[PDB]
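Take a look at this one chain, the form deposited in one PDB entry, written out in C-alpha cells.
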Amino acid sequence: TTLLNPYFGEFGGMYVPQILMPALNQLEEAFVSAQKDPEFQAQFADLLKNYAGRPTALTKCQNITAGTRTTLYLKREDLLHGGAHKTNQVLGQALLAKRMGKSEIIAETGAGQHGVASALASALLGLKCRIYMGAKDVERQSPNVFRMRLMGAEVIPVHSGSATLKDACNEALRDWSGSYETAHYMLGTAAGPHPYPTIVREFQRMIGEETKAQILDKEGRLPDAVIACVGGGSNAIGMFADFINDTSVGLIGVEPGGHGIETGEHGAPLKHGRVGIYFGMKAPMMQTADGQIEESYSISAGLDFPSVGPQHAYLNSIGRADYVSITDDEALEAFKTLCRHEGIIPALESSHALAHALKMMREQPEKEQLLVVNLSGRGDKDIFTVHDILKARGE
C-alpha cells in the first residue's frame, strides 16, 4: 500500500529488494506530511530564496536568434547556488532527512552537480555525506570532485561497469539497502523507485512556475515550447510540470545522442530503448536482446545514463511531451555559440537543450516561435573537457 500513485501509466513502481520497502514507505509518508506542513514549506522557501538565490533570472538571448523569427529565453538555473538546478530539490530532501531523524546522506553523482548540491546541503544542515561517482566521471568532471571534498563530503570512486553514472547509482542503492536505518538516500533525479520521481518533481517544480510568471510578465503570453535536456528527468520535469495542463505549450525533452544513435553509443532510451525493470523502476532502457542493461554513452556525464524517469516515459506515450536527441558535436557547437555570443558558459548537459532550440530556429528561420530553454547548469565543470576537444580539432 502507498499514499500516492507509484505509476505514470505503465511506468514507475517500486522494484526494490523487500528490505527497502519500509524505507520507501517512510519517505513517502514524511513527504506527504511535509507538503502540508506550513513550517516545512517556510523553511524550504527560505533556503531557496536566501541561501540558493531563487528566483533565478529569465534571460532573453540578444544575439543568437538574430535574423530569425525565434524569440529565445534561457531559464537561468546556472545561477543557482552550486551551479545547477540540482540544488533545489536537495534542500527539500535534506530537510526530509532531518524530519525522519537521519544524520547521514548517500548520493550518486555523474556531472558532480548533484554531488556538490548534496555536499553543500549536508554542510549547511549538519548531515554526514558520502557520494558515489563513477571513476570516469571523477576525471572528466574533476572540478566538482574538489568542490565536494572541500565541503567535507566523502567521494567514493566507482570502477565497476562503465565507471559512470549508472554504476554510481548501483553502489548508492547497494549501500542504502544496508544503511537505511541511519542514512537517507538523496537520489538526484526524477527516477528510481516511488516516491522519488514524485518527490523530485515537486521539489523542482518552481522552475516551471517561475518561468511561467516571468514569460507572462515579459511577453504577455505562454511559450510556444519549453525545452530541456533529459538525463534522468529532474530539470525537465521541473520545467514541464506547471505547463502540463497548458495544452498549447509544447514540452520538448532532449536525450543525449552521443556519437550518433546509429552507433549505439548514446543515452536515449526513451526514443531508442525499450521498457524494462532496473534501478527500482519500470521504464524505457537501453538493454540487450537478452535483457542485460546496456552501458550508455554521452560526452556529458550528467546525461550518460541508460534509462529515464517514468513520468517522461508516460508523457511521451500519450503524446503530451515530445522527445528528441542531440549529438556530442551538436551540443559542443551550442556550448561554443552561447559562450561567444551571449557570454554564458553552459553545462554540456544544458547545451543539448540549447542545441535543439538552435536547430528549431535554424531549420525554420521564418517560423514565429517563442521558446524557453532550461539552462540547467553552468559549464565551469566542463571547460577542461571542452578545451581539450577543441584543441585536438585545431580551433
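Residue numbers here begin at 1 and follow the sequence given. For the two forms, the rigid core is made up of the largest set of C-alpha atoms that agree within 1.5 Å on superposition.
Form deposited in another entry: not shown, discussed below.
Checking 120, 158, 268, 95 for C-alpha shifts of 2 Å or more between the shown form and the other one, after the rigid core is superposed, gives a single hit: 158.
Once the cores line up, the CA of residue 257 ends up less than 2 angstroms apart between the shown form and the other one. Residue 139: CA moves 2 Å or more between the shown form and the other one after rigid-core fitting.
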